[PDB]
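Notes to accompany the following structure.
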Amino acid sequence: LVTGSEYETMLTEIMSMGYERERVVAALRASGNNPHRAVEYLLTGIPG
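In the entry's author numbering, the protein residues as written are 157 to 204.
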């Protein structure tokens, strides 16, 4: 289980690719905090 501070740095690190906070938050929820899947969803779409 990542800590809350590790979540915030994960979130900010992905935001550095040019995504707004609320989209990254939604992608990390959809990925269960796996950053690889979150970035996949931001690049090429959520499942479905």
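All C-beta atoms in this analysis are idealised placements derived from N, C-alpha and C, irrespective of residue type, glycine included.
Asked                                                                                 : Found
Tell me the rounded alpha-carbon separation between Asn190 and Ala182.                : 12 Å
Which of the three DSSP states, helix, strand or coil, is assigned to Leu167?         : helix
Once DSSP output is grouped into helix, strand and coil, what is the label at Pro203? : coil
For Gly174, which of helix, strand or coil comes out of DSSP?                         : coil
How many Å lie between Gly204 and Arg179 at the Cα?                                   : 17 Å
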